[PDB]
Amino acid sequence: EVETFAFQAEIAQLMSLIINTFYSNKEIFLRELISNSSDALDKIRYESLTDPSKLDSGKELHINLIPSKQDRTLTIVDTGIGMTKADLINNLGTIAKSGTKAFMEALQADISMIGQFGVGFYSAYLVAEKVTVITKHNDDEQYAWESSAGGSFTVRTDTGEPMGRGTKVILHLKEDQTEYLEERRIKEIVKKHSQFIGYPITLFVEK
Ligand SMILES: CC(C)(C)c1cc(Cn2cnc3c(Cl)nc(N)nc32)on1
């Protein structure tokens, strides 16, 4: 079954602003998603220090960047702590409320400071018409979150191949944003914004 939810009003407003504002510096989305992955890897690494069984779902802590010109997608994969169903439906949005209000006040400021308000994920909509999030947290099931904005998102149990643990952010890119599938563009962005991330970042090459 697919459940459909309304974004909190302030998050719907933020998403419309990101989608509708003229802003050429769209590449900051990738640094924000890599930062989220790094934070998630930090969290599971920390938790493993007192409960080693937390890594039974996979010992490798890494980030993969996977472009697909065929699917017109850029996928950011991590083996971090992952998100629970409650994370996806309510709890992360609840935390994002205060940051969203503060960010939207500041804009009224540059869109590139979005990460300093804890809502960097939504910068994905600078480049993506739809975002699909596949995520697996220890002691919860594997879920697919999805939204093309417009005020709603869906959550379902994922039937795709299992992940073990972590999060895959699948960016279904807008037609005019296919530069983010080019190897040299991704390398340039990571080198400029994410050169000091403390986990291996592997940029997959297309076949
Ligand atoms: C999808 C939606 C619920 C809207 C979201 C996603 C984020 C950012 N984020 C929070 N926890 C995360 C983990 Cl565990 N991993 C990664 N990669 N990202 C994470 O915030 N909200």
# chains A, B, ... in the order shown; residues from 1 in each chain; ligands from 1
$ residues_near_ligand --ligand "ligand 1" --cutoff "6 Å" --atoms "only C-alpha atoms and all ligand atoms" --output "list in words"
residues 36, 37, 40, 81, 82, 83, 88, 92, 121 and 167 of chain A
$ write_last_selection --atoms "N, CA, C and O atoms" --output "PDB file, in the first residue's frame"
ATOM      1  N   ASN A  36      24.494  15.545   4.501  1.00  0.00           N
ATOM      2  CA  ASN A  36      23.523  14.702   5.192  1.00  0.00           C
ATOM      3  C   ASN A  36      24.023  13.264   5.306  1.00  0.00           C
ATOM      4  O   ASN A  36      23.887  12.635   6.363  1.00  0.00           O
ATOM      5  N   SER A  37      24.587  12.724   4.218  1.00  0.00           N
ATOM      6  CA  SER A  37      25.140  11.373   4.244  1.00  0.00           C
ATOM      7  C   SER A  37      26.262  11.259   5.266  1.00  0.00           C
ATOM      8  O   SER A  37      26.336  10.284   6.028  1.00  0.00           O
ATOM      9  N   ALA A  40      24.892  11.058   8.689  1.00  0.00           N
ATOM     10  CA  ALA A  40      24.278   9.755   8.957  1.00  0.00           C
ATOM     11  C   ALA A  40      25.339   8.695   9.213  1.00  0.00           C
ATOM     12  O   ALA A  40      25.134   7.787  10.032  1.00  0.00           O
ATOM     13  N   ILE A  81      23.110   5.744   9.094  1.00  0.00           N
ATOM     14  CA  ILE A  81      22.177   5.154  10.047  1.00  0.00           C
ATOM     15  C   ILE A  81      20.809   4.866   9.424  1.00  0.00           C
ATOM     16  O   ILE A  81      20.088   3.989   9.919  1.00  0.00           O
ATOM     17  N   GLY A  82      20.451   5.559   8.333  1.00  0.00           N
ATOM     18  CA  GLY A  82      19.158   5.385   7.689  1.00  0.00           C
ATOM     19  C   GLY A  82      18.028   6.057   8.465  1.00  0.00           C
ATOM     20  O   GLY A  82      18.201   6.578   9.562  1.00  0.00           O
ATOM     21  N   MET A  83      16.831   6.030   7.878  1.00  0.00           N
ATOM     22  CA  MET A  83      15.684   6.723   8.462  1.00  0.00           C
ATOM     23  C   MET A  83      14.552   5.743   8.733  1.00  0.00           C
ATOM     24  O   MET A  83      14.278   4.867   7.913  1.00  0.00           O
ATOM     25  N   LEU A  88      10.519   9.551   8.404  1.00  0.00           N
ATOM     26  CA  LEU A  88      10.074   9.988   7.084  1.00  0.00           C
ATOM     27  C   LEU A  88       8.758  10.738   7.153  1.00  0.00           C
ATOM     28  O   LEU A  88       8.553  11.705   6.414  1.00  0.00           O
ATOM     29  N   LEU A  92      11.402  14.040  11.196  1.00  0.00           N
ATOM     30  CA  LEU A  92      12.359  14.944  10.565  1.00  0.00           C
ATOM     31  C   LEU A  92      11.679  16.247  10.155  1.00  0.00           C
ATOM     32  O   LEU A  92      12.263  17.328  10.292  1.00  0.00           O
ATOM     33  N   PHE A 121      18.299  19.210   2.671  1.00  0.00           N
ATOM     34  CA  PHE A 121      17.740  18.184   1.793  1.00  0.00           C
ATOM     35  C   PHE A 121      16.890  18.806   0.691  1.00  0.00           C
ATOM     36  O   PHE A 121      16.973  18.397  -0.474  1.00  0.00           O
ATOM     37  N   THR A 167      20.822   5.056   3.114  1.00  0.00           N
ATOM     38  CA  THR A 167      19.873   5.880   2.382  1.00  0.00           C
ATOM     39  C   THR A 167      20.355   6.075   0.949  1.00  0.00           C
ATOM     40  O   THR A 167      21.545   6.318   0.708  1.00  0.00           O
TER      41      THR A 167
END
$ residues_around --residues "residue 204 of chain A" --least-positions-apart "4" --cutoff "9 Å" --atoms "only C-alpha atoms" --output "PyMOL selection string"
chain A and resi 64-67+183
$ write_last_selection --atoms "C-alpha atoms" --output "PDB file, in the first residue's frame"
ATOM      1  CA  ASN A  64      28.535   6.545  -3.656  1.00  0.00           C
ATOM      2  CA  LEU A  65      27.534   9.006  -6.395  1.00  0.00           C
ATOM      3  CA  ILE A  66      25.853   7.239  -9.316  1.00  0.00           C
ATOM      4  CA  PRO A  67      24.814   9.178 -12.442  1.00  0.00           C
ATOM      5  CA  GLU A 183      31.664  13.088 -14.496  1.00  0.00           C
TER       6      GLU A 183
END
$ select_by_dssp --residues "segment 41-162 of chain A" --states "strand (DSSP E)" --output "ChimeraX atom specification"
/A:63-68,73-78,128-136,142-147,152-157
$ closest_residue --among "A:10, A:191, A:177, A:206" --to "residue 105 of chain A" --atoms "only C-alpha atoms"
A:10
$ residues_around --residues "residue 4 of chain A" --least-positions-apart "2" --cutoff "12 Å" --atoms "only C-alpha atoms" --output "ChimeraX atom specification"
/A:1-2,6-7,88-89,144-147,151-156
$ write_last_selection --atoms "N, CA and C atoms" --output "mmCIF file, in the first residue's frame"
data_model
loop_
_atom_site.group_PDB
_atom_site.id
_atom_site.type_symbol
_atom_site.label_atom_id
_atom_site.label_comp_id
_atom_site.auth_asym_id
_atom_site.auth_seq_id
_atom_site.Cartn_x
_atom_site.Cartn_y
_atom_site.Cartn_z
ATOM 1 N N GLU A 1 0.830 -1.198 0.000
ATOM 2 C CA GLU A 1 0.000 0.000 0.000
ATOM 3 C C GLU A 1 0.871 1.258 0.000
ATOM 4 N N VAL A 2 0.372 2.312 -0.634
ATOM 5 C CA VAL A 2 1.053 3.600 -0.693
ATOM 6 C C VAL A 2 0.267 4.572 0.173
ATOM 7 N N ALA A 6 0.406 15.105 3.532
ATOM 8 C CA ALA A 6 0.630 16.518 3.250
ATOM 9 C C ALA A 6 1.894 16.989 3.961
ATOM 10 N N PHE A 7 2.747 17.716 3.244
ATOM 11 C CA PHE A 7 3.826 18.417 3.925
ATOM 12 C C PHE A 7 3.237 19.386 4.939
ATOM 13 N N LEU A 88 10.519 9.551 8.404
ATOM 14 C CA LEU A 88 10.074 9.988 7.084
ATOM 15 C C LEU A 88 8.758 10.738 7.153
ATOM 16 N N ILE A 89 7.844 10.286 8.006
ATOM 17 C CA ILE A 89 6.486 10.827 8.013
ATOM 18 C C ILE A 89 6.372 12.054 8.901
ATOM 19 N N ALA A 144 10.365 3.472 0.844
ATOM 20 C CA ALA A 144 10.530 4.435 -0.238
ATOM 21 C C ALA A 144 9.667 5.655 0.058
ATOM 22 N N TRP A 145 10.319 6.812 0.203
ATOM 23 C CA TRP A 145 9.691 8.127 0.287
ATOM 24 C C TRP A 145 9.811 8.772 -1.084
ATOM 25 N N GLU A 146 8.795 9.532 -1.489
ATOM 26 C CA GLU A 146 8.856 10.151 -2.805
ATOM 27 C C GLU A 146 8.029 11.427 -2.815
ATOM 28 N N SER A 147 8.492 12.432 -3.560
ATOM 29 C CA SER A 147 7.700 13.647 -3.725
ATOM 30 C C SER A 147 8.111 14.377 -4.996
ATOM 31 N N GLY A 151 2.951 19.760 -2.680
ATOM 32 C CA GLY A 151 2.315 19.763 -1.382
ATOM 33 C C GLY A 151 2.196 18.415 -0.697
ATOM 34 N N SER A 152 2.557 17.320 -1.368
ATOM 35 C CA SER A 152 2.370 15.993 -0.803
ATOM 36 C C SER A 152 3.594 15.130 -1.057
ATOM 37 N N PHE A 153 3.694 14.070 -0.262
ATOM 38 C CA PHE A 153 4.710 13.049 -0.434
ATOM 39 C C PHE A 153 4.068 11.706 -0.135
ATOM 40 N N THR A 154 4.709 10.640 -0.602
ATOM 41 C CA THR A 154 4.232 9.292 -0.344
ATOM 42 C C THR A 154 5.290 8.495 0.398
ATOM 43 N N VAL A 155 4.831 7.517 1.174
ATOM 44 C CA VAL A 155 5.699 6.549 1.833
ATOM 45 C C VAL A 155 5.120 5.161 1.587
ATOM 46 N N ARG A 156 5.973 4.219 1.198
ATOM 47 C CA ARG A 156 5.559 2.832 1.039
ATOM 48 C C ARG A 156 6.699 1.925 1.482
#
$ residues_around --residues "residue 179 of chain A" --least-positions-apart "6" --cutoff "12 Å" --atoms "only C-alpha atoms" --output "ChimeraX atom specification"
/A:26-27,67-69,72-74,127,173,185-189
$ write_last_selection --atoms "C-alpha atoms" --output "JSON list (two decimals), in the first residue's frame"
[["chain", "number", "residue", "atom", "x", "y", "z"],
["A", 26, "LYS", "CA", 22.01, 25.21, -8.21],
["A", 27, "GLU", "CA", 25.09, 23.01, -7.65],
["A", 67, "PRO", "CA", 24.81, 9.18, -12.44],
["A", 68, "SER", "CA", 22.55, 7.57, -15.03],
["A", 69, "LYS", "CA", 22.11, 9.54, -18.26],
["A", 72, "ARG", "CA", 18.27, 10.92, -16.13],
["A", 73, "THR", "CA", 18.94, 10.36, -12.43],
["A", 74, "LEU", "CA", 21.72, 11.21, -10.01],
["A", 127, "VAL", "CA", 17.70, 20.35, -9.84],
["A", 173, "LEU", "CA", 16.60, 15.61, -12.82],
["A", 185, "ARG", "CA", 30.92, 18.45, -13.40],
["A", 186, "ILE", "CA", 30.37, 16.18, -10.39],
["A", 187, "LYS", "CA", 34.13, 16.04, -9.70],
["A", 188, "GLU", "CA", 34.31, 19.85, -9.86],
["A", 189, "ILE", "CA", 31.42, 20.22, -7.41]]
$ closest_residue --among "A:17, A:61, A:133, A:102" --to "residue 38 of chain A" --atoms "only C-alpha atoms"
A:61
$ residues_around --residues "residue 150 of chain A" --least-positions-apart "4" --cutoff "12 Å" --atoms "only C-alpha atoms" --output "PyMOL selection string"
chain A and resi 5-7+9+11-17+19-20+125+129-130+146+154
$ write_last_selection --atoms "N, CA and C atoms" --output "mmCIF file, in the first residue's frame"
data_model
loop_
_atom_site.group_PDB
_atom_site.id
_atom_site.type_symbol
_atom_site.label_atom_id
_atom_site.label_comp_id
_atom_site.auth_asym_id
_atom_site.auth_seq_id
_atom_site.Cartn_x
_atom_site.Cartn_y
_atom_site.Cartn_z
ATOM 1 N N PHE A 5 0.778 11.770 2.204
ATOM 2 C CA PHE A 5 0.779 12.726 3.305
ATOM 3 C C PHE A 5 0.930 14.143 2.776
ATOM 4 N N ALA A 6 0.406 15.105 3.532
ATOM 5 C CA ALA A 6 0.630 16.518 3.250
ATOM 6 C C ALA A 6 1.894 16.989 3.961
ATOM 7 N N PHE A 7 2.747 17.716 3.244
ATOM 8 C CA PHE A 7 3.826 18.417 3.925
ATOM 9 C C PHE A 7 3.237 19.386 4.939
ATOM 10 N N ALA A 9 2.788 22.955 6.371
ATOM 11 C CA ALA A 9 2.591 24.140 5.541
ATOM 12 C C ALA A 9 3.907 24.851 5.252
ATOM 13 N N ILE A 11 6.931 23.715 5.173
ATOM 14 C CA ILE A 11 7.823 22.980 4.285
ATOM 15 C C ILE A 11 7.312 23.043 2.851
ATOM 16 N N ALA A 12 5.989 22.968 2.661
ATOM 17 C CA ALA A 12 5.442 23.165 1.320
ATOM 18 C C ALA A 12 5.818 24.538 0.783
ATOM 19 N N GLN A 13 5.768 25.562 1.641
ATOM 20 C CA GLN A 13 6.148 26.908 1.217
ATOM 21 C C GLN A 13 7.619 26.965 0.846
ATOM 22 N N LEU A 14 8.470 26.331 1.651
ATOM 23 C CA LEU A 14 9.894 26.299 1.337
ATOM 24 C C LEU A 14 10.137 25.628 -0.006
ATOM 25 N N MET A 15 9.470 24.500 -0.248
ATOM 26 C CA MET A 15 9.696 23.776 -1.492
ATOM 27 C C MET A 15 9.263 24.604 -2.696
ATOM 28 N N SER A 16 8.120 25.285 -2.590
ATOM 29 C CA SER A 16 7.688 26.162 -3.677
ATOM 30 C C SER A 16 8.692 27.282 -3.916
ATOM 31 N N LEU A 17 9.271 27.824 -2.849
ATOM 32 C CA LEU A 17 10.267 28.879 -3.015
ATOM 33 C C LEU A 17 11.494 28.353 -3.753
ATOM 34 N N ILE A 19 11.672 25.855 -5.776
ATOM 35 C CA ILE A 19 11.337 25.486 -7.145
ATOM 36 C C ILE A 19 11.121 26.726 -8.006
ATOM 37 N N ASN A 20 10.579 27.795 -7.421
ATOM 38 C CA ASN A 20 10.127 28.942 -8.201
ATOM 39 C C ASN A 20 11.104 30.108 -8.228
ATOM 40 N N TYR A 125 15.457 20.060 -4.835
ATOM 41 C CA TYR A 125 14.450 20.501 -5.798
ATOM 42 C C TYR A 125 14.916 21.689 -6.627
ATOM 43 N N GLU A 129 12.941 17.275 -10.509
ATOM 44 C CA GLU A 129 11.488 17.385 -10.583
ATOM 45 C C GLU A 129 10.797 16.420 -9.630
ATOM 46 N N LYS A 130 11.476 15.331 -9.273
ATOM 47 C CA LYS A 130 10.973 14.318 -8.360
ATOM 48 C C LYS A 130 12.172 13.781 -7.606
ATOM 49 N N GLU A 146 8.795 9.532 -1.489
ATOM 50 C CA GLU A 146 8.856 10.151 -2.805
ATOM 51 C C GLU A 146 8.029 11.427 -2.815
ATOM 52 N N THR A 154 4.709 10.640 -0.602
ATOM 53 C CA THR A 154 4.232 9.292 -0.344
ATOM 54 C C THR A 154 5.290 8.495 0.398
#
$ atom_distance --atom1 "atom CA of residue 166 of chain A" --atom2 "atom CA of residue 79 of chain A"
4.0 Å
$ residues_around --residues "residue 193 of chain A" --least-positions-apart "5" --cutoff "10 Å" --atoms "only C-alpha atoms" --output "PyMOL selection string"
chain A and resi 27-28+30-32+34-35+188
$ select_by_dssp --residues "chain A" --states "helix (DSSP H, G or I)" --output "count of residues only"
92
$ residues_around --residues "residue 139 of chain A" --least-positions-apart "6" --cutoff "12 Å" --atoms "only C-alpha atoms" --output "list in words"
residues 53, 54, 56, 57, 81, 82, 83, 84, 85, 164 and 165 of chain A
$ write_last_selection --atoms "C-alpha atoms" --output "PDB file, in the first residue's frame"
ATOM      1  CA  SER A  53      25.794  -5.299  16.570  1.00  0.00           C
ATOM      2  CA  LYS A  54      24.582  -2.060  14.964  1.00  0.00           C
ATOM      3  CA  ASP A  56      25.618  -6.330  11.517  1.00  0.00           C
ATOM      4  CA  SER A  57      23.681  -4.693   8.644  1.00  0.00           C
ATOM      5  CA  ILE A  81      22.177   5.154  10.047  1.00  0.00           C
ATOM      6  CA  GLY A  82      19.158   5.385   7.689  1.00  0.00           C
ATOM      7  CA  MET A  83      15.684   6.723   8.462  1.00  0.00           C
ATOM      8  CA  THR A  84      12.740   5.086  10.230  1.00  0.00           C
ATOM      9  CA  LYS A  85       9.145   5.325   9.029  1.00  0.00           C
ATOM     10  CA  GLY A 164      21.265  -3.555   4.349  1.00  0.00           C
ATOM     11  CA  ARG A 165      21.347  -0.116   5.981  1.00  0.00           C
TER      12      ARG A 165
END
$ atom_distance --atom1 "atom CA of residue 18 of chain A" --atom2 "atom CA of residue 71 of chain A"
23.4 Å
